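Coordinates in review
Listed below, chain by chain, are the residues.
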Amino acid sequence: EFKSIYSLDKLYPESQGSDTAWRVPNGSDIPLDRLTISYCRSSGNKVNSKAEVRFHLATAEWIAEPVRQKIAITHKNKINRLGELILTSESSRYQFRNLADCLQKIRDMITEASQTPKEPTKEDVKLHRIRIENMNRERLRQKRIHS
Amino acid sequence: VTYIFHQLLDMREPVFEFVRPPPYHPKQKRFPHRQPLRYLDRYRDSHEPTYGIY
Amino acid sequence: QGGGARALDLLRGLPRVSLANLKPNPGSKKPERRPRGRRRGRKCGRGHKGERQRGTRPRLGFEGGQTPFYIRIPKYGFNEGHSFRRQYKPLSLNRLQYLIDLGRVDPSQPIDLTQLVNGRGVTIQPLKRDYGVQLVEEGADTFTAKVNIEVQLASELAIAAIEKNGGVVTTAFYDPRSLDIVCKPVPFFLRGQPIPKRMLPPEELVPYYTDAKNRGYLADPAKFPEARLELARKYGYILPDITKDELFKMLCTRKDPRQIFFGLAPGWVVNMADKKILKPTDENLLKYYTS
Amino acid sequence: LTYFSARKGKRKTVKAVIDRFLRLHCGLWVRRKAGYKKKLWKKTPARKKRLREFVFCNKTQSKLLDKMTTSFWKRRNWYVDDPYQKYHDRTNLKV
Amino acid sequence: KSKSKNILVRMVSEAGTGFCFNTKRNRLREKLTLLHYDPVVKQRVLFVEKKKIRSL
RNA sequence: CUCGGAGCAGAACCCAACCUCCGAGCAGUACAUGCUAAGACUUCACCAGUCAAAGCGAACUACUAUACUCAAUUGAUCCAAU
Ligand SMILES: [K+]
Ligand SMILES: [K+]
Ligand SMILES: [K+]
Ligand SMILES: [Mg+2]
Ligand SMILES: [Mg+2]
Ligand SMILES: [Mg+2]
Ligand SMILES: [Mg+2]
Ligand SMILES: [Mg+2]
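Residues numbered from 1 in each chain as written, not as in the entry; some residues may be left out. Chains lettered and ligands numbered in written order. Part of a larger assembly, values for the part shown. Heavy atoms only, no water.

In terms of determination method and resolution, the entry is listed under cryo-EM at 2.21 Å.

Structure, rendered in structure tokens:
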């Protein structure tokens, strides 16, 4: 076997061994087994594909219980009747990237819930109109003449 | 309202979205004289690189 | 079957095919036009006077004196340095899977440029500043083959597709001379020159090939396990343990950074006529070829 | 144009063209606008933005530039990280 | 040609970004200090005249 | 000898003469006359020129505020200075 001065053994003497680069580190945040991953075609025909990841939020034990309860409130609009949190990404042609996007959303949800950020976010324009409309609804509220 | 659908009416809750008409573009021509380079992007379905036969 | 059999039994009853009864296929011999006769003579299609008929109209691009279109546009470096830009022939996973399914590339052995070229999978032009093949992600969803493949560039998604199926992908640099040799070895062996050493990447490319994220051939092997695990996590698949595979030894086979061909060392002379290999023993020569 | 060179008997490229125009493999030619670096102090923002655009040539100009350049300049190139890579191929073009 | 009234000057940002813009001013007035939008810092900052480009 | 307005050319566009008249080769105010982008106009080609929704960022709940007033108020490529 040919070995030159630029052999990986000579370049990286501490990293010698035929198995050095191929070992799987033993020491796992999102368990793929616990997720139901489906693939379909988004409007296809539209070029981009679609990947859907759904799991039962309450049963999931890989998410902390307090985190589970705060995600249910924040993302109540993504939880169906059966209690499964449904995420979907259709931004790519490749199922891999669509699944990677869905998995990153799960990681972002858990991060946001644990962060408990108290920073005051800038009010969206649609929310501003609702604030005025809610204020006037409270202003019409009355009290019983004889309580 | 979710409670009414899920519990009282025993059904899945219908969600709706306001969808706008797709944007108009004139028929694409082979030589778009004096149009900017981004003219071609107006008629592109995907943003990811394509390689054809290769 | 009204074609082959009807066209040959009908020939039995026709005169012998000879040099006296041949003709070109209709439409293959457009008539030639000559300036003779009323229709095509007289002014012969050249018009009347002017530069036109006399054959002295100005050069192409000249506009009669108005500052021409191709000059009045400002210069801009669209093509500046075009001849020094590195190029990489794309090889998609669809094409790679197609070649494997048809037996044109053998996944049981290491796949490099030589095997890709020998299977007529890709055409490389070193004289046109091609620096090798770039593995592109197209077809990743349906790519199933397990391969040990050596390319010059690879996309992150293409790497993930290779390693989800249990394969190994490495990015390897070839200088222009080395690339010509590795692509067409037989023409090189007929020159009677010692196998040259593969040059190192240019300084601007050293970061790429010393990074485990790109599976660079000069990267620290100890950093590959982490890089391989990151892609498995990002794209939602379980990194297979290739150490347990029966083809693990083959999957690990890699060229030395100075080696053009597997099993052949720099400074060896291939004698194809006698099917022998000549190895130099001079200490100075051995030092040159091993450094 | 030199249709047949004295040394090789081959067509030559007009290099003035190469210095000013980008040829996309689909046949289109891209150029800058004349005067886009001239007297900006007297030109309005809208006009200056128009002058910064990279624009396409028409059929006649494209035919002319094709004649003034040899085949080498029409080959498909695979430059690494080419900014114009996406524009080399047409999409959804009818007729 | 002979007539001469205004001049073109280069206004340089005081934010240290190096962003500059050209403006027209009267030749007989004092050097300009203006509040102008600087894209590098993405907010309006003070600009001070440095050099005369040409006579307008 | 280039540019604009009017008549000839009465009503979509276009329209000549060593035809008939009057002008232009700036000035003033801003200093977001910032960025970006659908769709269009076009002096009969090209070059050049013109108008713009939405969006970002501003301004803003007094400002016929959002592509400044203004008819023309102007000069390609190379090259030079930086
Ligand atoms: K004739
Ligand atoms: K005739
Ligand atoms: K150029
Ligand atoms: Mg005659
Ligand atoms: Mg005659
Ligand atoms: Mg004549
Ligand atoms: Mg026109
Ligand atoms: Mg707007």
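Another aspect to go through is the overall build of chain A. Regarding its fold elements, chain A presents four helices and three strands. When the helices and strands of chain A are listed from N to C terminus, the series reads α-β-β-α-β-α-α. Relative to the globule expectation of 15 Å for 147 residues, the C-alpha radius of gyration of chain A, 25 Å, shows a markedly less compact shape. Principal-axis analysis of the C-alpha atoms gives chain A an extent of 100 × 40 × 35 Å. By residue count, 30% of the 147 residues in chain A fall in the buried class. Accessible surface, chain A as shown: approximately 10900 Å² in total, 49% of it carbon and sulfur. For chain A, the distance from the average site of its 27 positive side-chain charges to the average site of its 19 negative ones is 10 Å. (Helix = DSSP H or I, 4+ residues; strand = E, 2+ residues; numbered from the N terminus. Rg over C-alpha atoms; globule rule 2.2 N^0.38 Å. Buried < 20%, exposed > 50% of the residue type's maximum accessible area, 1.4 Å probe, protein only. Areas by Shrake-Rupley, 256 points an atom, 1.4 Å probe, with all protein chains shown as cover. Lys, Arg positive; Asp, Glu negative; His and termini not counted. Charge placed at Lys NZ, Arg CZ, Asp CG, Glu CD.)

What follows covers the coordination of the potassium ion (ligand 1). All names here are of chain C. Listed as protein donors to the potassium ion (ligand 1) are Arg38 (O), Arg39 (O) and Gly41 (O); their distances from the metal cover 2.7 to 2.9 Å. Of note, the potassium ion (ligand 1) draws all its donor residues from one chain, in the sequence arrangement R-R-x1-G. For the pair the potassium ion (ligand 1) and the potassium ion (ligand 2), the metal-to-metal distance amounts to 5.6 Å. Judged by relative accessible area, which is 85%, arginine 38 ranks as exposed. Residue classification places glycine 41 among the buried residues on the basis of a relative accessible area of 11%. (Donors = N, O, S within 2.8 Å, 3.2 Å for Na, K, Ca; no water.)

Further remarks concern the nonpolar core. Residue and element names in this part refer to chain C. In terms of nonpolar packing, the biggest core is built from 59 residues, with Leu93, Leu135, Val147, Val182 and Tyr235 touching the most fellow members. Per-element accounting of this core gives the leading share, six residues, to helix α6 (residues 156–164). Not counting chain neighbours up to four residues away, the residues in contact with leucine 135 comprise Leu91, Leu93, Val151, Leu153, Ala154, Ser155, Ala158, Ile162 and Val169. (Core = buried A, V, L, I, M, F, W, Y, C linked by side-chain atoms within 4.5 Å. Contact = heavy atoms within 4.5 Å.)

Before going further, it helps to examine the interface of chain D and chain C. Taken together, the 31 residues of chain D in the interface contact 25 residues of chain C. A buried area of about 2700 Å², summed over both sides, lies between chain D and chain C, and 65% of it is on carbon and sulfur atoms. When the shortest N-O distance is used, the salt bridge between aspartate 19 of chain D and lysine 75 of chain C registers 2.9 Å. Between chain D and chain C we count eleven residue pairs in polar contact in total. For the side of chain D that touches chain C, the elements supplying multiple residues, two or more each, are α1 (15–18), β2 (29–31) and α3 (59–67) of chain D. The element best represented in the side of chain D that touches chain C is α3 of chain D, accounting for four residues. (Buried area = accessible area lost by both parts, 1.4 Å probe. Salt bridge = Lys/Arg side-chain N within 4 Å of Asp/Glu carboxyl O. Polar contact = N/O pair within 3.5 Å; in protein donor to acceptor, adjacent residues only side chain to side chain.)

This part is about the sheet that holds strand β1 (residues 22–23) of chain D. Residues and elements named next belong to chain D. Here we have three strands laid out as an open sheet, ordered β1-β2-β3, and antiparallel in their pairing. With one partner strand each, in any of the chains shown, β1 and β3 (55–56) form the two edges of the open sheet. One ladder, built from two bridges, connects β2 with β3; its direction is antiparallel. From the neighbouring strand, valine 30 faces β3, where its bridge partner is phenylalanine 56. (Pairing = 2+ DSSP bridges.)

This part takes up the side chain of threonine 20 of chain A. Along the chain, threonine 20 of chain A turns up in the loop between α1 (8–11) and β1 (36–41). Looking at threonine 20 of chain A, its side chain comes within polar contact range of the main-chain oxygen of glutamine 16 of chain A, at 2.5 Å. Among the polar contacts made by the side chain of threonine 20 of chain A, one reaches the main-chain carbonyl oxygen of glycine 17 of chain A at a distance of 3.3 Å. In contact with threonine 20 of chain A, not counting residues within four places along its chain, are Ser15 of chain A together with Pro221, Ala222 and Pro225 of chain C.

Attention now goes to the protein's contact with RNA strand F. Close to RNA strand F lie 43 residues; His25 and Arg38 of chain B, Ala34 and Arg47 of chain D together with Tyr37 of chain E are nearest. Close to the protein, within 4 Å, the atoms of RNA strand F belong to sugar or phosphate groups at a rate of 70%. One of the side-chain nitrogen or oxygen atoms of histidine 33 of chain B is found 2.7 Å away from a phosphate oxygen of RNA strand F. Where the surface near RNA strand F is concerned, the elements lending two or more residues are α3 (69–72) of chain C, α2 (45–52) of chain D together with β2 (20–26) and β3 (33–38) of chain E. Top element by residues in the surface near RNA strand F is α2 of chain D. It accounts for seven residues. (Near = heavy atom within 4 Å.)

With that settled, consider the pairing of β3 of chain E. Here β3 of chain E runs beside strand β4 (residues 43–55) of chain E; their pairing, made up of six bridges, is antiparallel. Paired with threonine 33 of chain E across the bridge in β4 of chain E is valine 48 of chain E.

With that out of the way, let us pick up unusual backbone geometry. Its identity is not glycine, yet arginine 42 of chain C carries a phi of approximately 65°, on the positive side. By the element assignment, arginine 42 of chain C lies in the loop between α1 (4–12) and α2 (50–54). Since its relative accessible area comes to 82%, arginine 42 of chain C is described here as exposed. One non-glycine residue with positive phi stands out, namely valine 95 of chain D, at about 60°. Relative to the elements of secondary structure, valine 95 of chain D occurs in the segment after α3. For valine 95 of chain D, a relative accessible area of 90% puts it in the exposed group.

All names here are of chain C. Within helix α4 (residues 93–101) the residues assigned to the buried category are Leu93, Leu96, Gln97, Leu99 and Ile100. Seen from one end, α4 has its buried residues packed into an arc of 160°, which puts them on one side. In the core, the buried residues of α4 are packed alongside β1 (87–92), β2 (130–136), β3 (148–151) and α6. The positive-phi residue at the C-terminal boundary of α4 is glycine 103, with phi of around 80°. (Arc of directions from axis to C-beta.)

Attention now moves to the environment of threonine 50 of chain B. Residues and elements named next belong to chain B. As for its position among the elements, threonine 50 is in the segment after α1 (2–8). Residue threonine 50 is classed as partly exposed on the basis of its relative accessible area, which comes to 48%. Sequence-wise, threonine 50 and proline 32 are 18 residues apart; in three dimensions their C-alpha atoms are separated by 22 Å.

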